[PDB]
Amino acid sequence: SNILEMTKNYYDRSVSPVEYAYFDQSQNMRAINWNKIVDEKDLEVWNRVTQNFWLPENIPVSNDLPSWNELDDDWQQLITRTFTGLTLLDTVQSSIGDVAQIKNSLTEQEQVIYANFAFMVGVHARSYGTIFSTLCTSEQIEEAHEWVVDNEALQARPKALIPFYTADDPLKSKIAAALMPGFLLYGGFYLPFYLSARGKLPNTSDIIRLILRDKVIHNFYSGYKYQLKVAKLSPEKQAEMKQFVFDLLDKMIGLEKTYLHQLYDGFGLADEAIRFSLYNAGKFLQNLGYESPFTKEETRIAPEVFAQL
Amino acid sequence: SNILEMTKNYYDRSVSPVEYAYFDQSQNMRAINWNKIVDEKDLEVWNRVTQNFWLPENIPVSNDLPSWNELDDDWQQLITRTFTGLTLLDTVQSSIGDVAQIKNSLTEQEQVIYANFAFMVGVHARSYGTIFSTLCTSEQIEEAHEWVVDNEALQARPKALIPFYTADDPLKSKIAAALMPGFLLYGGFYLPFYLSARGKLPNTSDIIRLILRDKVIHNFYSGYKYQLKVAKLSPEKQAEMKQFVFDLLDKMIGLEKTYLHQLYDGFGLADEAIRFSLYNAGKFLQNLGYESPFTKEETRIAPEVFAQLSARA
Ligand SMILES: [Cl-]
Ligand SMILES: [Cl-]
Ligand SMILES: [Cl-]
Ligand SMILES: [Cl-]
Ligand SMILES: [Cu+]
Ligand SMILES: [Cu+]
């Protein structure tokens, strides 16, 4: 043999601890190796999300009190309800969705990045608390929580995704994980961007932009990992998974439209919020490596809302 | 009829998502409420660990190159091996241990705090990589990974804890979760502090102190939550769980002693490393609400080493 291999590489005869815990005990465990990185995209994402660390205490929400006080009681209630709705989706993602992805990682660094995502989506949920602490009465806060618990249209959306997280199909779990930052919160994010475009709650929209700076990377990353895994399947299994993605998005769009109509119809924002939602549904499909089937007309966003985005 | 409830509060007729996911789908989900906090200890812990956010890039490890170059290949190999061993334990805790705690939380905020722990223990593991990048050859780094995979005494320790994380007993899972930051890494932390007490690798010891600033809160918090849950058991079942804690710690001390003898005997550090380990075994039990059964002599630490430990980050 012209190539003498005296030792066998440690990496190919060991498993990460999470693999050992849940899947394969046939070999000993390897420590994470940050010196020999399998996918440089992992290091790029790790560096960006850790460099982007923030806490809601960094933003002076107190400065929004004047513009908040200009808003009628029904608008204040709409914002508190919408944001408590987004708090629920962040609680789902932080406590179930992100941590479920860790054991299904392609790489060692991916396990640590999803730990960062779980923590930072927790910070997202905590930030709404900070906004409420500054702007809302105890009565407004308590009412919003009651409204969320009793809103069947709102509950339907996380109830549809959670089963994919707790089941044993890692690709369907990954699609659910991408759908949360990629699609489900944009219907809600429409409201602060609408308000900011008209000069209301500027400091609140600064928190929303810090949340979105994280969520756009979360969607990209989960989509990137989905694409690497699905590419290794047969043409038939790739066709079945593409069908599953479109079928699940179709269902979630149906549930989102029902919820957004209920949330916004009284205010005249439902049509605009749904177009904003469908635009992001298109970007969600693109980040999974599929083509958007959505029309220019049904995805149209006002320039000044896009500007806030 | 004086006491009839006409209005049921949202909290007591809903569940957190993680409860809905793993335990009960009969009730609708509530969003986390940071405006009405059940346990003020959760907010204090959240505020401290988030305020204590750090990255290993923050510490100029390259300033250790002079003192690193003074150490012979045997000492450099010992440090790379020990630290890759600590990297393995941090990987176990970040990817399995902390994650496993979330669904067993007593409060909403506890679910988010364990997400923070999973991330920050990930940062701990990443910090050894930063030290290696700066100080070690590619040969030293690869050798240490091979050594960790093939070291049965090293492997035995995490292999003993992982089953508690993957099993359905949340109190045993919690004890394991406290044992990792409370006890299992201190045998390894002895080495950097031994060296920095003699003015070697001072910047490395700053990284270890930033890691310890997190791990002491992790141990306290998991111990605090253990004590709240064990208090809800019958006195009979409280006695059983106390016996399990002492039996598990006894077993883990056995495995740690074997590993530290194998790691250090050649460098004459084994006895002092084990004393340092048992000192922290004592602190671990105290944080679970039990008395340390260890003597002053069994737990003696040289004052110059204790000065490196107790020094604030
Ligand atoms: Cl998200
Ligand atoms: Cl995410
Ligand atoms: Cl730890
Ligand atoms: Cl921990
Ligand atoms: Cu996210
Ligand atoms: Cu820890």
Side-chain angles (χ1 to χ4, degrees), chain A residues 11 16 18 30-54 93-94 97-99 101-124 170-171 174-175 177-182 209-232 280 283-290 309, chain B residues 53-62 87 90-91 94-95 115-116 118-134 136 138 141 145 207:
Chain A
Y11 186 94
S16 76
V18 74
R30 43 175 150 87
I32 184 155
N33 190 341
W34 281 95
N35 303 111
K36 203 141 147 187
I37 285 163
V38 166
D39 191 341
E40 293 308 326
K41 194 62 58 178
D42 289 328
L43 181 59
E44 292 177 22
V45 167
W46 169 259
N47 285 335
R48 185 53 65 79
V49 299
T50 57
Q51 283 163 8
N52 282 347
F53 172 81
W54 65 278
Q93 193 71 348
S94 174
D98 284 318
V99 298
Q101 305 310 301
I102 293 173
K103 72 177 64 61
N104 299 328
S105 297
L106 288 168
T107 65
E108 294 178 335
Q109 281 71 35
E110 179 179 356
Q111 299 168 8
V112 199
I113 292 161
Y114 275 112
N116 172 270
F117 288 12
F119 167 53
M120 286 309 298
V121 172
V123 176
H124 301 169
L171 282 176
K174 186 65 68 203
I175 292 158
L179 212 26
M180 195 64 84
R209 273 186 285 276
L210 285 169
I211 294 164
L212 266 192
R213 183 174 72 174
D214 294 334
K215 291 213 189 289
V216 296
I217 293 178
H218 298 177
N219 172 243
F220 162 77
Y221 190 64
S222 288
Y224 168 78
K225 292 294 182 163
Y226 169 78
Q227 286 184 248
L228 288 182
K229 197 167 279 189
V230 78
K232 300 180 200 178
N280 282 286
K283 305 225 87 184
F284 163 76
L285 286 174
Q286 287 162 6
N287 282 126
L288 255 52
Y290 303 123
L309 180 70
Chain B
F53 175 87
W54 65 279
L55 295 174
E57 282 75 10
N58 297 354
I59 293 83
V61 176
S62 58
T87 302
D90 285 342
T91 304
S94 177
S95 66
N116 171 270
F119 166 56
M120 287 308 297
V121 176
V123 175
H124 301 170
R126 195 270 171 284
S127 303
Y128 299 112
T130 300
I131 295 165
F132 299 155
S133 190
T134 310
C136 303
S138 55
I141 291 165
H145 278 288
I207 287 174

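Order of the sequence lines fixes the chain letters, A, B, ..., with proteins taken first and strands second; residue numbering starts at 1 for each chain. Keep in mind that the numbers below use all heavy atoms, side chains included, and drop hydrogens, waters and symmetry copies.
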Short side-chain to backbone donor-acceptor contact, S133(B) and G129(B), under 3.5 Å: no
From the options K103(A), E110(A), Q111(A), select the one residue that forms a side chain to side chain contact (heavy atoms under 4.5 Å, CB included) with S16(A). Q111(A)
Would you say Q93(A)'s side chain and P181(A)'s backbone share a donor-acceptor pair under 3.5 angstrom? no
For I217(A) and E44(A): C-alpha separation, side-chain torsions, deciding distance, then whether side chain to side chain contact (heavy atoms under 4.5 Å, CB included) applies. CA-CA 11 Å; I217(A) 293 178; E44(A) 292 177 22; over 6 Å; no
Which distance, rounded to the nearest 0.5 Å, do you find between the CG of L285(A) and the CG of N280(A)? 11.0 Å
Quick one: CD1 on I207(B) to OH on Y128(B), what's the gap to the nearest 0.5 Å? 9.0 Å
Salt bridge (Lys or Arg N to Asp or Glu O under 4.0 Å) against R48(A), all qualifying residues, sequence neighbours excluded: none
Tell me whether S105(A) contacts the main-chain N or O of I102(A) through its side chain, where contact means a donor paired with an acceptor under 3.5 Å. yes
Among residues at least two apart in sequence or on other chains, which ones pass side-chain contact (heavy atoms from CB on, under 4.5 Å) with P170(A)? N104(A), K229(A)
Point-to-point distance, once rounded to the nearest 0.5 Å, from CG of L212(A) to NE2 of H124(A): 9.0 Å
Taking all non-hydrogen atoms of both residues into account, name the closest pair between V123(B) and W54(B) and its distance. CG1-O, 3.6 Å
Partners meeting side-chain contact (heavy atoms from CB on, under 4.5 Å) with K283(A) (sequence neighbours left out): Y279(A), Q286(A)
Who pairs with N116(B) by side-chain contact (heavy atoms from CB on, under 4.5 Å), at least two apart in sequence or on another chain? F119(A), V49(B), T50(B), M120(B)
Evaluation steps, side chain to side chain contact (heavy atoms under 4.5 Å, CB included), between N219(A) and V216(A): CA-CA 5 Å; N219(A) 172 243; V216(A) 296; 5.9 Å; no
Rounded to the nearest 0.5 Å, how far does CD1 of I59(B) lie from CD1 of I131(B)? 9.0 Å
Quick check: do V112(A) and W34(A) have side-chain heavy atoms less than 4.5 Å from each other? yes
Distance-minimising heavy-atom pair for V230(A) and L171(A): N-CD2, 4.3 Å
Could you pull out the closest heavy-atom pair between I32(A) and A125(B), with the gap in Å? CG2-CB, 4.0 Å
Under 4.5 Å between any side-chain heavy atoms of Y11(A) and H145(B), yes or no? no
Contacts of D39(A) that satisfy side-chain hydrogen bond (donor to acceptor under 3.5 Å, both in side chains) - sequence neighbours left out: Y224(A)
Look up atom NZ in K36(A) and atom CD in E108(A), then write down how far apart they are to the nearest 0.5 Å. 11.5 Å
Work out which heavy atom in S94(A) is nearest to a heavy atom in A115(B); give both atom names and the distance. OG-CB, 4.3 Å
State, to 0.1 Å, how close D42(A) and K225(A) come at their nearest heavy-atom pair, and which atoms those are. OD1-NZ, 3.1 Å
Atom pair CZ (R213(A)) and NE2 (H218(A)), whose distance is rounded to the nearest 0.5 Å: 11.0 Å
Stepwise side chain to side chain contact (heavy atoms under 4.5 Å, CB included) test for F117(A) and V99(A): CA-CA 8 Å; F117(A) 288 12; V99(A) 298; over 6 Å; no
Who are the salt bridge (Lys or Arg N to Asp or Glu O under 4.0 Å) partners of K215(A), not counting sequence neighbours? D90(A)
For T130(B) against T134(B), the heavy-atom pair lying closest together: O-OG1, 2.9 Å
Trace of the side chain to side chain contact (heavy atoms under 4.5 Å, CB included) decision for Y221(A) with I113(A): CA-CA 9 Å; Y221(A) 190 64; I113(A) 292 161; 3.3 Å; yes
